[PDB]
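The structure appears below as structure tokens.
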Amino acid sequence: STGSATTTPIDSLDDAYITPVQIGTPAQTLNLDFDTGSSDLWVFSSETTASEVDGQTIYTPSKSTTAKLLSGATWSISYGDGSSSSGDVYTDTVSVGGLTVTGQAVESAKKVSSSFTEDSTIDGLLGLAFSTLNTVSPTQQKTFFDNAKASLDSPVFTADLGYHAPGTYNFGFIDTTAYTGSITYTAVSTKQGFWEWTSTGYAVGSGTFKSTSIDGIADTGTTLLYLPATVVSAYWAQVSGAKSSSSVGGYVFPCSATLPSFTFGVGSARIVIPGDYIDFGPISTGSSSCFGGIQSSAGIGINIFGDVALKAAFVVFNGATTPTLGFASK
């Protein structure tokens, strides 16, 4: 089997991408944030505290003839940005782009933090990291991909995120028309539950490539590119007037600037992020200070190849017995 679904930016900045997902019988379609940095499939629901729902589409398990309470199971998750959600668990039929999993754990939110309530465009998350990170207790649950894997033509999924445009998540096959050149594969460590890999270095604009190992995670659920402070300082030093602002929370730059590209290494291959992908617009409406798309990871504990980096590539998440990641230009 295979599946193929379009993923669409939630706003003009590509802050996140939503993909329609069919849950239950008859189908209830919710727009979920596919997140290769977490491993829970959770949804706004008929059980979510009413004051914490503001425009999201909800899953109502009582209206699904295939829903079954997973008795005793609860979940609770906290994300790197400080947001969180928790609740109970149903199993139900879940389909993405024509690919169907029966008995998928659908984690129904009873509580969500304010950042989720305030984003009416995201109806939940669909985790695509390794199932060892799934938060369901007392019986940990498998991700959608883990449940589908055995049925897929090939045990892979691909992320092809658009710049200011829709893109595609495919399951079970690699669309050879969706990228240019060749795909370069690189080793993955699953020891922390993430799609963790080591970039071979970077360049700023037309500058020389610096060969240096940068361990980080491929994370579709994080907007920006978070790298070591040395790398980030070298980037922003090439933008006149750019500076790190403690009050804003990161590097800002004059909106009148033209940003240089940023290149990262994948083995001997190179992925170029155009400068325009690094512009996240005014810090507040009408401001001439703009927020940068490359930020320091120093306060995180891990480097994160988020959407800013991933949308410059066609990315293969290879879930074979020994997982690997592939990157191609496009």
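Mind listing the long-range amide H neighbours of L224? Cut-off is under 5 Å, sequence gap 5 or more, other chains count too, H placed in the peptide plane at 1.01 Å from N.
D307, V308
Which value in Å does the Kirkwood hydrodynamic radius of the stretch 234-312 take, with 1/r averaged over all unlike C-alpha pairs and then inverted?
13.3
Each residue of the stretch 311-319 in order: what ³J(HN,Hα) in whole Hz does its phi give by Karplus 6.51 cos²θ - 1.76 cosθ + 1.60, θ = phi - 60°, with x for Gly and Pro?
6, 7, 9, 9, 10, 9, 9, 8, x
Work out, step by step, the length gained on full extension between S84 and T8: first 0.36 nm times the residue separation, then minus their alpha carbon distance; give nm to one decimal. Could you put the intermediate results ahead of the total?
Working: separation 76, 0.36 × 76 = 27.36 nm, distance 2.31 nm.
Gain on extension, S84 to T8, equals 25.1 nm.
Please give the per residue volume of the convex hull enclosing the alpha carbon atoms of the chain, rounded to a whole number of Å³.
Taking the convex hull of the Cα positions in the chain, it is 130 Å³ per residue.
For n ≥ 4 DSSP H runs only, could you compute -39500 (n - 2.57) per run for the chain, divide by its residues and tell me the 222 nm figure to the nearest 500?
Numbers: 4 runs with 21 residues, N = 330.
The per-residue figure over the chain is -1500 deg cm²/dmol.
For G250, list long-range residues whose amide hydrogen, built 1.01 Å from N in the peptide plane, is under 5 Å from its own amide hydrogen.
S245
Would any residue of the stretch 211-252 have its amide N under 19 Å from a label point 7 Å out along Cα→Cβ of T258? List them or say none.
235-242
I'd like the Karplus ³J(HN,Hα) series for the stretch 165-175: coefficients 6.51, -1.76, 1.60, θ = phi - 60°, whole numbers in Hz, and an x wherever there's a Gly or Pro.
Rounded to whole hertz, the list is 6, x, x, 9, 10, 10, 10, x, 7, 10, 6.
Under the 0.36 nm per residue contour assumption, what length would be gained going from the current alpha-carbon distance of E118 and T25 to full extension?
Length gained between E118 and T25: 30.6 nm.
What whole number of Å gives the distance from the Cα centroid of the stretch 101-158 to the Cα centroid of the stretch 176-248?
26
May I ask for the equivalent-ellipsoid semi-axes of the stretch 5-174, computed as the square root of five times each C-alpha gyration tensor eigenvalue and listed largest first in whole Å? Can you show the working numbers first?
Numbers: eigenvalues 94, 80, 46 Å².
So the three semi-axes of the stretch 5-174 are 22, 20, 15 Å.
Where Rh is the Kirkwood radius over the Cα pairs of the stretch 1-99, the temperature 4 °C and the viscosity 1.567 mPa s, what D in µm²/s does Stokes-Einstein return?
It comes out at roughly 87 µm²/s.
Counting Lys and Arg as +1 and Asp and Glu as -1, what is the net charge of the other residues whose Cβ lies under 13 Å from the Cβ of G87? Don't jump to the answer; show the numbers that get you there.
On the way: positive: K110, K111; negative: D40, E47, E52, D88, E107.
Net charge around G87: -3.
Between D35 and residues 5 or more places away or on another chain, which pairs have amide H atoms under 5 Å apart, with H built 1.01 Å from N, and which residues are they?
Those qualifying (amide H under 5 Å, at least 5 residues apart or on another chain) are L126, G127, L128.
Hey, with R₀ at 41 Å, roughly what FRET efficiency would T60 and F173 work out to, going by the Cβ-Cβ distance, to 0.05?
After rounding to 0.05, the efficiency reads 0.80.
Quick one: what are the phi-derived ³J(HN,Hα) couplings along the stretch 117-132, Karplus 6.51/-1.76/1.60 with θ = phi - 60°, whole Hz, x for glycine and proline?
Those phi angles translate into 4, 6, 9, 6, 8, 10, 8, x, 10, 10, x, 10, 7, 7, 5, 4 Hz.
On the first, second and third principal axes, largest extent first, how far apart are the outermost C-alpha atoms of the stretch 186-330 in Å?
The principal-axis extents, from largest down, are 50, 29, 25 Å.
We did not get these values from a lab; they are worked out from the coordinates using the rules stated. Neighbour counts are summed over all protein chains in view; Cβ atoms, including those assigned to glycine, are modelled from backbone coordinates with ideal geometry.
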